[PDB]
file model.cif (mmCIF, N, CA and C atoms (P, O5', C5', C4', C3', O3' and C1' of nucleotides))
data_target
loop_
_atom_site.label_atom_id
_atom_site.label_comp_id
_atom_site.auth_asym_id
_atom_site.auth_seq_id
_atom_site.Cartn_x
_atom_site.Cartn_y
_atom_site.Cartn_z
N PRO E 1 -10.95 34.17 3.39
CA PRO E 1 -9.97 33.97 4.49
C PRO E 1 -8.76 33.08 4.11
N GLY E 2 -8.99 32.05 3.28
CA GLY E 2 -8.10 30.88 3.10
C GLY E 2 -8.90 29.59 3.25
N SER E 3 -10.22 29.72 3.46
CA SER E 3 -11.18 28.61 3.65
C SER E 3 -11.47 27.98 2.29
N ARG E 4 -11.24 26.68 2.17
CA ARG E 4 -11.79 25.82 1.10
C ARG E 4 -13.06 25.18 1.69
N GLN E 5 -13.82 24.46 0.87
CA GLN E 5 -15.03 23.71 1.30
C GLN E 5 -14.58 22.44 2.04
N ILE E 6 -15.47 21.83 2.82
CA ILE E 6 -15.16 20.61 3.63
C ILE E 6 -14.98 19.42 2.68
N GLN E 7 -13.77 18.86 2.63
CA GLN E 7 -13.42 17.62 1.87
C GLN E 7 -14.13 16.42 2.51
N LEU E 8 -14.49 15.40 1.73
CA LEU E 8 -15.18 14.20 2.24
C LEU E 8 -14.24 13.37 3.13
N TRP E 9 -12.95 13.22 2.79
CA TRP E 9 -12.02 12.41 3.62
C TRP E 9 -11.69 13.12 4.93
N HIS E 10 -11.68 14.45 4.95
CA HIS E 10 -11.68 15.25 6.20
C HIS E 10 -12.87 14.79 7.05
N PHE E 11 -14.07 14.84 6.46
CA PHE E 11 -15.37 14.55 7.12
C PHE E 11 -15.40 13.11 7.65
N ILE E 12 -14.85 12.15 6.91
CA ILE E 12 -14.80 10.73 7.36
C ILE E 12 -13.94 10.69 8.64
N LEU E 13 -12.76 11.32 8.63
CA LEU E 13 -11.86 11.30 9.80
C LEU E 13 -12.54 12.02 10.98
N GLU E 14 -13.13 13.19 10.74
CA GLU E 14 -13.93 13.95 11.75
C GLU E 14 -14.83 12.98 12.53
N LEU E 15 -15.56 12.11 11.83
CA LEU E 15 -16.51 11.13 12.44
C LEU E 15 -15.74 10.00 13.13
N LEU E 16 -14.60 9.59 12.57
CA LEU E 16 -13.90 8.34 12.95
C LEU E 16 -13.06 8.55 14.22
N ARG E 17 -12.82 9.81 14.63
CA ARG E 17 -12.10 10.16 15.89
C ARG E 17 -13.12 10.69 16.90
N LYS E 18 -14.30 10.09 16.96
CA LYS E 18 -15.39 10.47 17.90
C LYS E 18 -16.20 9.22 18.25
N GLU E 19 -16.18 8.80 19.52
CA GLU E 19 -16.80 7.53 20.00
C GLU E 19 -18.32 7.60 19.81
N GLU E 20 -18.89 8.81 19.76
CA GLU E 20 -20.34 9.06 19.56
C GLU E 20 -20.78 8.75 18.12
N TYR E 21 -19.93 8.13 17.29
CA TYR E 21 -20.27 7.71 15.91
C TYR E 21 -19.81 6.27 15.63
N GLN E 22 -19.44 5.50 16.66
CA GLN E 22 -18.95 4.10 16.51
C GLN E 22 -20.06 3.22 15.91
N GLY E 23 -21.32 3.49 16.25
CA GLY E 23 -22.49 2.75 15.72
C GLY E 23 -22.63 2.91 14.22
N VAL E 24 -22.18 4.05 13.69
CA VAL E 24 -22.31 4.44 12.25
C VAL E 24 -21.04 4.05 11.49
N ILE E 25 -19.86 4.39 12.01
CA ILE E 25 -18.55 4.18 11.33
C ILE E 25 -17.44 4.02 12.38
N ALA E 26 -16.50 3.10 12.15
CA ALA E 26 -15.41 2.76 13.11
C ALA E 26 -14.19 2.20 12.38
N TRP E 27 -13.04 2.17 13.05
CA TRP E 27 -11.81 1.48 12.61
C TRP E 27 -12.00 -0.03 12.79
N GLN E 28 -11.44 -0.85 11.90
CA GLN E 28 -11.46 -2.33 12.01
C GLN E 28 -10.27 -2.91 11.26
N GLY E 29 -9.96 -4.18 11.54
CA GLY E 29 -8.89 -4.95 10.88
C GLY E 29 -7.53 -4.28 11.01
N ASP E 30 -6.81 -4.19 9.89
CA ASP E 30 -5.44 -3.63 9.77
C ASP E 30 -5.42 -2.15 10.17
N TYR E 31 -4.25 -1.53 9.98
CA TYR E 31 -3.96 -0.10 10.25
C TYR E 31 -4.43 0.74 9.07
N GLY E 32 -5.33 1.69 9.32
CA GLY E 32 -5.87 2.62 8.31
C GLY E 32 -7.19 2.14 7.73
N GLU E 33 -7.53 0.86 7.92
CA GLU E 33 -8.82 0.26 7.48
C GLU E 33 -9.95 0.76 8.36
N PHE E 34 -11.12 0.99 7.77
CA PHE E 34 -12.35 1.33 8.51
C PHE E 34 -13.55 0.70 7.81
N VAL E 35 -14.69 0.71 8.50
CA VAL E 35 -15.96 0.11 8.03
C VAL E 35 -17.09 1.08 8.34
N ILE E 36 -17.99 1.26 7.38
CA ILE E 36 -19.31 1.91 7.60
C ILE E 36 -20.30 0.83 8.02
N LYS E 37 -20.80 0.91 9.26
CA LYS E 37 -21.81 -0.04 9.80
C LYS E 37 -23.19 0.35 9.27
N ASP E 38 -23.48 1.66 9.16
CA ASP E 38 -24.77 2.22 8.67
C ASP E 38 -24.50 3.15 7.49
N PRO E 39 -24.36 2.60 6.26
CA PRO E 39 -24.12 3.40 5.05
C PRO E 39 -25.09 4.56 4.81
N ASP E 40 -26.39 4.36 5.03
CA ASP E 40 -27.44 5.37 4.70
C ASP E 40 -27.33 6.54 5.68
N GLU E 41 -26.97 6.27 6.94
CA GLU E 41 -26.80 7.31 7.99
C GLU E 41 -25.62 8.22 7.62
N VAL E 42 -24.45 7.64 7.33
CA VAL E 42 -23.21 8.39 6.95
C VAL E 42 -23.58 9.42 5.89
N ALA E 43 -24.13 8.95 4.77
CA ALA E 43 -24.51 9.78 3.60
C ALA E 43 -25.44 10.91 4.05
N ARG E 44 -26.45 10.59 4.86
CA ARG E 44 -27.42 11.60 5.38
C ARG E 44 -26.63 12.76 6.00
N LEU E 45 -25.66 12.45 6.88
CA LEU E 45 -24.84 13.45 7.61
C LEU E 45 -23.98 14.25 6.62
N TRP E 46 -23.36 13.56 5.66
CA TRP E 46 -22.55 14.18 4.58
C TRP E 46 -23.44 15.05 3.68
N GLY E 47 -24.72 14.69 3.55
CA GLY E 47 -25.74 15.52 2.87
C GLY E 47 -26.06 16.75 3.70
N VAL E 48 -26.26 16.56 5.01
CA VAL E 48 -26.51 17.66 5.99
C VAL E 48 -25.34 18.65 5.96
N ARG E 49 -24.10 18.16 5.97
CA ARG E 49 -22.87 19.00 6.09
C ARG E 49 -22.65 19.83 4.82
N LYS E 50 -23.06 19.32 3.64
CA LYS E 50 -22.82 19.96 2.31
C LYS E 50 -24.11 20.61 1.78
N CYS E 51 -25.15 20.73 2.62
CA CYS E 51 -26.49 21.29 2.28
C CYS E 51 -27.04 20.62 1.01
N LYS E 52 -26.87 19.30 0.91
CA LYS E 52 -27.25 18.49 -0.27
C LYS E 52 -28.18 17.37 0.19
N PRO E 53 -29.51 17.62 0.28
CA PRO E 53 -30.41 16.72 0.99
C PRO E 53 -30.59 15.36 0.30
N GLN E 54 -30.36 15.28 -1.02
CA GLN E 54 -30.61 14.07 -1.84
C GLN E 54 -29.36 13.17 -1.88
N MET E 55 -28.40 13.37 -0.97
CA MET E 55 -27.17 12.54 -0.88
C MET E 55 -27.55 11.15 -0.35
N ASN E 56 -26.83 10.12 -0.81
CA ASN E 56 -26.99 8.71 -0.37
C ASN E 56 -25.68 7.96 -0.62
N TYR E 57 -25.58 6.70 -0.20
CA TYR E 57 -24.31 5.93 -0.25
C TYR E 57 -23.86 5.69 -1.69
N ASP E 58 -24.79 5.61 -2.64
CA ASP E 58 -24.45 5.40 -4.07
C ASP E 58 -23.57 6.58 -4.49
N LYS E 59 -24.05 7.80 -4.24
CA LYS E 59 -23.37 9.06 -4.63
C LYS E 59 -22.08 9.23 -3.81
N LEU E 60 -22.14 9.05 -2.49
CA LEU E 60 -20.97 9.13 -1.59
C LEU E 60 -19.89 8.16 -2.05
N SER E 61 -20.24 6.90 -2.33
CA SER E 61 -19.26 5.86 -2.73
C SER E 61 -18.56 6.28 -4.03
N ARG E 62 -19.28 6.90 -4.97
CA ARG E 62 -18.64 7.39 -6.22
C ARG E 62 -17.51 8.34 -5.81
N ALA E 63 -17.84 9.32 -4.97
CA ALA E 63 -16.87 10.27 -4.38
C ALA E 63 -15.65 9.50 -3.89
N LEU E 64 -15.87 8.48 -3.07
CA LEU E 64 -14.77 7.65 -2.52
C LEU E 64 -13.97 7.03 -3.67
N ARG E 65 -14.62 6.51 -4.71
CA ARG E 65 -13.90 5.81 -5.81
C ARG E 65 -12.95 6.77 -6.52
N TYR E 66 -13.29 8.05 -6.58
CA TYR E 66 -12.42 9.10 -7.17
C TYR E 66 -11.13 9.28 -6.35
N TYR E 67 -11.12 8.80 -5.10
CA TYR E 67 -9.94 8.87 -4.22
C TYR E 67 -8.93 7.76 -4.55
N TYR E 68 -9.33 6.71 -5.27
CA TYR E 68 -8.42 5.58 -5.60
C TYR E 68 -7.23 6.10 -6.41
N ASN E 69 -7.50 6.81 -7.51
CA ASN E 69 -6.46 7.41 -8.39
C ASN E 69 -5.61 8.41 -7.61
N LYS E 70 -6.23 9.19 -6.71
CA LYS E 70 -5.58 10.29 -5.94
C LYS E 70 -4.75 9.74 -4.76
N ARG E 71 -4.82 8.43 -4.50
CA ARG E 71 -3.97 7.71 -3.50
C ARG E 71 -4.23 8.24 -2.09
N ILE E 72 -5.48 8.58 -1.79
CA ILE E 72 -5.97 8.92 -0.42
C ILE E 72 -6.54 7.65 0.20
N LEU E 73 -7.41 6.97 -0.55
CA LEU E 73 -8.16 5.76 -0.14
C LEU E 73 -7.91 4.63 -1.13
N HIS E 74 -8.33 3.43 -0.74
CA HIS E 74 -8.63 2.31 -1.65
C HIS E 74 -9.64 1.39 -0.95
N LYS E 75 -10.11 0.36 -1.66
CA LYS E 75 -11.04 -0.66 -1.12
C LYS E 75 -10.23 -1.82 -0.54
N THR E 76 -10.69 -2.38 0.58
CA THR E 76 -10.30 -3.74 1.03
C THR E 76 -11.28 -4.70 0.34
N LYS E 77 -10.76 -5.52 -0.57
CA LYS E 77 -11.57 -6.46 -1.39
C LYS E 77 -12.10 -7.56 -0.47
N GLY E 78 -13.35 -7.98 -0.68
CA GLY E 78 -13.99 -9.05 0.10
C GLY E 78 -14.83 -8.49 1.24
N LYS E 79 -14.28 -7.56 2.01
CA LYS E 79 -15.00 -6.94 3.16
C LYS E 79 -15.90 -5.82 2.62
N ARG E 80 -17.21 -5.91 2.88
CA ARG E 80 -18.25 -4.92 2.50
C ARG E 80 -18.00 -3.61 3.25
N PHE E 81 -18.24 -2.47 2.59
CA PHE E 81 -18.18 -1.11 3.18
C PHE E 81 -16.86 -0.89 3.93
N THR E 82 -15.79 -1.52 3.46
CA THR E 82 -14.47 -1.53 4.14
C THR E 82 -13.43 -0.94 3.21
N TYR E 83 -13.15 0.35 3.39
CA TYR E 83 -12.07 1.09 2.69
C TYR E 83 -10.88 1.22 3.64
N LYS E 84 -9.76 1.73 3.13
CA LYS E 84 -8.50 1.82 3.89
C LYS E 84 -7.62 2.95 3.35
N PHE E 85 -7.24 3.88 4.23
CA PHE E 85 -6.44 5.10 3.93
C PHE E 85 -5.01 4.71 3.55
N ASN E 86 -4.40 5.51 2.67
CA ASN E 86 -3.05 5.27 2.08
C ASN E 86 -2.03 6.12 2.83
N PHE E 87 -1.59 5.64 3.99
CA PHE E 87 -0.62 6.34 4.88
C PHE E 87 0.78 5.81 4.62
N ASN E 88 1.28 6.00 3.39
CA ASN E 88 2.64 5.58 2.98
C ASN E 88 3.19 6.46 1.84
"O5'" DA L 1 -24.77 -3.33 -1.51
"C5'" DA L 1 -24.19 -4.58 -1.07
"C4'" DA L 1 -22.79 -4.77 -1.60
"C3'" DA L 1 -21.90 -3.52 -1.58
"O3'" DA L 1 -20.54 -3.92 -1.34
"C1'" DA L 1 -22.28 -4.19 -3.83
P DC L 2 -19.39 -2.81 -1.14
"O5'" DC L 2 -18.83 -2.63 -2.62
"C5'" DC L 2 -18.04 -3.67 -3.20
"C4'" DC L 2 -17.75 -3.32 -4.64
"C3'" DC L 2 -17.11 -1.94 -4.85
"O3'" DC L 2 -15.78 -2.14 -5.34
"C1'" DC L 2 -18.84 -2.39 -6.44
P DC L 3 -14.86 -0.90 -5.72
"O5'" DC L 3 -15.19 -0.69 -7.26
"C5'" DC L 3 -14.79 -1.67 -8.24
"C4'" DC L 3 -15.18 -1.21 -9.63
"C3'" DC L 3 -14.65 0.17 -10.03
"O3'" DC L 3 -13.57 0.01 -10.94
"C1'" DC L 3 -16.93 -0.19 -10.74
P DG L 4 -12.44 1.13 -11.05
"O5'" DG L 4 -12.94 2.04 -12.26
"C5'" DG L 4 -13.24 1.45 -13.54
"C4'" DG L 4 -14.16 2.37 -14.32
"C3'" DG L 4 -13.68 3.81 -14.42
"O3'" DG L 4 -13.86 4.24 -15.76
"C1'" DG L 4 -15.90 3.77 -13.69
P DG L 5 -12.94 5.37 -16.37
"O5'" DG L 5 -13.74 5.79 -17.69
"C5'" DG L 5 -14.55 4.85 -18.42
"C4'" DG L 5 -15.83 5.52 -18.86
"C3'" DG L 5 -15.68 6.98 -19.31
"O3'" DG L 5 -16.22 7.12 -20.63
"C1'" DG L 5 -17.42 6.78 -17.69
P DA L 6 -15.97 8.46 -21.49
"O5'" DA L 6 -17.24 9.36 -21.14
"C5'" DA L 6 -18.56 8.79 -21.15
"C4'" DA L 6 -19.55 9.84 -20.71
"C3'" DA L 6 -19.09 11.27 -20.98
"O3'" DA L 6 -20.15 11.99 -21.60
"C1'" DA L 6 -19.69 11.04 -18.70
P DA L 7 -19.83 13.36 -22.33
"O5'" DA L 7 -20.80 14.39 -21.60
"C5'" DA L 7 -22.18 14.06 -21.39
"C4'" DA L 7 -22.68 14.76 -20.14
"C3'" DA L 7 -22.47 16.27 -20.13
"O3'" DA L 7 -23.74 16.89 -19.90
"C1'" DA L 7 -21.80 15.33 -18.08
P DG L 8 -23.85 18.47 -19.81
"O5'" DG L 8 -23.92 18.73 -18.25
"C5'" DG L 8 -25.03 18.24 -17.49
"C4'" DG L 8 -24.89 18.69 -16.05
"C3'" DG L 8 -24.68 20.19 -15.87
"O3'" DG L 8 -25.55 20.64 -14.82
"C1'" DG L 8 -22.98 19.02 -14.76
P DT L 9 -25.78 22.20 -14.58
"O5'" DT L 9 -25.03 22.46 -13.20
"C5'" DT L 9 -25.37 21.69 -12.02
"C4'" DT L 9 -24.48 22.06 -10.86
"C3'" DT L 9 -24.15 23.55 -10.75
"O3'" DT L 9 -24.52 23.97 -9.44
"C1'" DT L 9 -22.17 22.25 -10.55
P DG L 10 -25.22 25.37 -9.23
"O5'" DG L 10 -24.11 26.24 -8.48
"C5'" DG L 10 -23.66 25.91 -7.15
"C4'" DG L 10 -22.23 26.35 -6.96
"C3'" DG L 10 -21.96 27.80 -7.38
"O3'" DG L 10 -21.36 28.56 -6.32
"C1'" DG L 10 -20.34 26.34 -8.31
"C5'" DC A 1 -8.60 19.91 -10.37
"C4'" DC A 1 -8.74 20.70 -9.08
"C3'" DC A 1 -9.40 19.89 -7.98
"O3'" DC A 1 -9.03 20.36 -6.67
"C1'" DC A 1 -10.93 21.52 -8.81
P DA A 2 -9.00 19.34 -5.40
"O5'" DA A 2 -10.55 19.07 -5.10
"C5'" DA A 2 -11.16 19.69 -3.95
"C4'" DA A 2 -12.60 19.25 -3.85
"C3'" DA A 2 -12.79 17.75 -3.62
"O3'" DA A 2 -13.90 17.50 -2.75
"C1'" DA A 2 -13.93 18.38 -5.54
P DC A 3 -14.03 16.12 -2.00
"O5'" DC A 3 -14.60 15.14 -3.10
"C5'" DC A 3 -15.97 14.71 -3.06
"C4'" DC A 3 -16.84 15.78 -3.68
"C3'" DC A 3 -18.28 15.35 -3.94
"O3'" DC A 3 -19.08 15.96 -2.92
"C1'" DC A 3 -17.33 16.57 -5.81
P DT A 4 -20.59 15.52 -2.73
"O5'" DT A 4 -21.26 15.90 -4.14
"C5'" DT A 4 -22.29 16.91 -4.23
"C4'" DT A 4 -23.11 16.74 -5.49
"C3'" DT A 4 -24.19 15.65 -5.42
"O3'" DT A 4 -25.41 16.30 -5.78
"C1'" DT A 4 -22.91 15.42 -7.41
P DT A 5 -26.82 15.58 -5.52
"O5'" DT A 5 -27.16 14.96 -6.94
"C5'" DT A 5 -26.99 15.74 -8.15
"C4'" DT A 5 -26.96 14.85 -9.37
"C3'" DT A 5 -27.87 13.62 -9.36
"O3'" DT A 5 -28.92 13.84 -10.31
"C1'" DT A 5 -25.77 13.17 -10.37
P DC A 6 -30.12 12.79 -10.46
"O5'" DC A 6 -29.57 11.79 -11.57
"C5'" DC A 6 -28.96 12.26 -12.77
"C4'" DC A 6 -28.46 11.09 -13.58
"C3'" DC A 6 -29.23 9.78 -13.39
"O3'" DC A 6 -29.99 9.50 -14.58
"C1'" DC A 6 -26.86 9.44 -13.46
P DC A 7 -30.85 8.15 -14.73
"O5'" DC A 7 -29.78 7.11 -15.29
"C5'" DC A 7 -28.80 7.55 -16.23
"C4'" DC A 7 -27.81 6.43 -16.45
"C3'" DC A 7 -28.42 5.03 -16.29
"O3'" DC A 7 -27.93 4.17 -17.33
"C1'" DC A 7 -26.48 5.19 -15.04
P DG A 8 -28.91 3.14 -18.04
"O5'" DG A 8 -27.89 2.18 -18.79
"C5'" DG A 8 -26.97 2.73 -19.74
"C4'" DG A 8 -25.67 1.97 -19.67
"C3'" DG A 8 -25.83 0.45 -19.77
"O3'" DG A 8 -24.65 -0.11 -20.36
"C1'" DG A 8 -24.84 0.96 -17.73
P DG A 9 -24.71 -1.56 -21.00
"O5'" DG A 9 -24.58 -2.52 -19.75
"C5'" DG A 9 -23.71 -3.67 -19.77
"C4'" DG A 9 -22.48 -3.43 -18.92
"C3'" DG A 9 -21.99 -4.66 -18.16
"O3'" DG A 9 -20.99 -5.34 -18.92
"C1'" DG A 9 -22.02 -2.71 -16.73
P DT A 10 -20.84 -6.91 -18.76
"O5'" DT A 10 -20.19 -7.04 -17.32
"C5'" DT A 10 -18.83 -6.61 -17.08
"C4'" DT A 10 -18.47 -6.91 -15.64
"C3'" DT A 10 -18.57 -8.39 -15.27
"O3'" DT A 10 -17.34 -8.83 -14.70
"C1'" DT A 10 -19.76 -7.05 -13.70
#
call {"tool": "encode", "arguments": {"input": "model.cif", "output": "structure tokens"}}
result
Amino acid sequence: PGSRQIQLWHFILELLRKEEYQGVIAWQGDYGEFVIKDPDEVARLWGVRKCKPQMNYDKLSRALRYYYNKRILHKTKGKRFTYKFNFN
DNA sequence: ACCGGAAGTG
DNA sequence: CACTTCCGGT
């Protein structure tokens, strides 16, 4: 059709614009910054969505680190599980 | 917890 | 490609 596979940063935003996932992941601090409150839950869902049952935060976080070079994401240093989108 | 290299997947 | 898997560092 024109369908690519579901990107992880698509999937993070999908969750982050839904109040029914605030317990798991939410916006915090500055503009574009977010926090994972339940790292193991996020990964489980990202495993469910990609039919990859052995997914976990170690593997998911690697995925996120590959976004640093690509200028989609980066880390907020000091704050745990706190990344921030590159909207500039 | 967080990093990044390296090989593997489809 | 866009991750997944694995794992040796700080």
call {"tool": "resolve_selection", "arguments": {"input": "model.cif", "expression": "the PyMOL selection byres ((chain E) within 8 of (chain L))", "output": "PyMOL selection string"}}
result
chain E and resi 65+74-82
call {"tool": "resolve_selection", "arguments": {"input": "model.cif", "expression": "the PyMOL selection byres ((chain E) within 5 of (chain A))", "output": "list in words"}}
result
residues 7, 8 and 63 of chain E
call {"tool": "residues_around", "arguments": {"input": "model.cif", "residues": "segment 24-40 of chain E", "least_positions_apart": "4", "cutoff": "8 Å", "atoms": "only N, CA and C atoms (P, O5', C5', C4', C3', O3' and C1' of nucleotides)", "output": "ChimeraX atom specification"}}
result
/E:15-18,20,44-45,55-58,76,80-87
call {"tool": "atom_distance", "arguments": {"input": "model.cif", "atom1": "atom C of residue 60 of chain E", "atom2": "atom CA of residue 2 of chain E"}}
result
26.1 Å
call {"tool": "atom_distance", "arguments": {"input": "model.cif", "atom1": "atom CA of residue 72 of chain E", "atom2": "atom C of residue 13 of chain E"}}
result
13.5 Å
call {"tool": "select_by_dssp", "arguments": {"input": "model.cif", "residues": "chain E", "states": "strand (DSSP E or B)", "output": "list in words"}}
result
residues 25, 26, 27, 33, 34, 35, 36, 73, 74, 75, 82, 83, 84 and 85 of chain E
call {"tool": "atom_distance", "arguments": {"input": "model.cif", "atom1": "atom C of residue 67 of chain E", "atom2": "atom C of residue 50 of chain E"}}
result
20.9 Å
call {"tool": "decode", "arguments": {"input": "model.cif", "residues": "chain A", "atoms": "N, CA, C and O atoms (P, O5', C5', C4', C3', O3' and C1' of nucleotides)", "output": "compact mmCIF listing (two decimals), in the first residue's frame"}}
result
# COMPACT_ATOMS: atom_id res chain seq x y z
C5' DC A 1 19.28 2.72 6.41
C4' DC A 1 17.78 2.65 6.21
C3' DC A 1 17.02 2.75 7.53
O3' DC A 1 15.68 3.25 7.34
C1' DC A 1 16.95 0.50 6.72
P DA A 2 14.94 4.09 8.53
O5' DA A 2 14.59 2.96 9.61
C5' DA A 2 13.23 2.52 9.75
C4' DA A 2 13.14 1.49 10.86
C3' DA A 2 13.51 2.04 12.24
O3' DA A 2 12.70 1.45 13.26
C1' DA A 2 14.88 0.23 11.74
P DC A 3 12.54 2.14 14.66
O5' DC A 3 13.87 1.74 15.43
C5' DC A 3 13.85 0.76 16.48
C4' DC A 3 13.89 -0.62 15.86
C3' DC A 3 14.12 -1.76 16.85
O3' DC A 3 12.86 -2.39 17.06
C1' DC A 3 15.44 -2.00 14.84
P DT A 4 12.69 -3.45 18.23
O5' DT A 4 13.73 -4.60 17.84
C5' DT A 4 13.30 -5.93 17.51
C4' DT A 4 14.41 -6.94 17.70
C3' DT A 4 14.66 -7.38 19.14
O3' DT A 4 14.58 -8.81 19.12
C1' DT A 4 16.71 -6.78 18.11
P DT A 5 14.47 -9.63 20.49
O5' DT A 5 15.97 -10.09 20.75
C5' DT A 5 16.78 -10.63 19.68
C4' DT A 5 18.25 -10.59 20.03
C3' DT A 5 18.62 -10.85 21.49
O3' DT A 5 19.27 -12.12 21.56
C1' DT A 5 19.96 -9.15 20.50
P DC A 6 19.69 -12.75 22.97
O5' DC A 6 21.16 -12.18 23.19
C5' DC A 6 22.14 -12.22 22.14
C4' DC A 6 23.40 -11.53 22.61
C3' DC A 6 23.67 -11.58 24.12
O3' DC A 6 24.77 -12.46 24.37
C1' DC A 6 24.14 -9.42 23.19
P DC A 7 25.35 -12.67 25.86
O5' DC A 7 26.39 -11.48 26.01
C5' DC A 7 27.19 -11.10 24.88
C4' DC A 7 27.95 -9.85 25.23
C3' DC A 7 28.29 -9.74 26.72
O3' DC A 7 29.63 -9.26 26.88
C1' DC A 7 27.31 -7.77 25.99
P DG A 8 30.57 -9.88 28.00
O5' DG A 8 31.76 -8.82 28.05
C5' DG A 8 32.51 -8.54 26.86
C4' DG A 8 32.90 -7.08 26.85
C3' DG A 8 33.58 -6.61 28.14
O3' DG A 8 34.48 -5.54 27.83
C1' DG A 8 31.64 -5.38 27.83
P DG A 9 35.63 -5.17 28.85
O5' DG A 9 34.89 -4.28 29.94
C5' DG A 9 35.47 -3.05 30.43
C4' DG A 9 34.74 -1.85 29.87
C3' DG A 9 34.60 -0.69 30.84
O3' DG A 9 35.68 0.23 30.67
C1' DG A 9 32.52 -1.12 29.69
P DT A 10 36.18 1.07 31.93
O5' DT A 10 35.00 2.11 32.13
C5' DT A 10 34.76 3.16 31.17
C4' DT A 10 33.62 4.02 31.65
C3' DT A 10 33.86 4.67 33.02
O3' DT A 10 33.66 6.08 32.93
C1' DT A 10 31.76 3.55 32.98
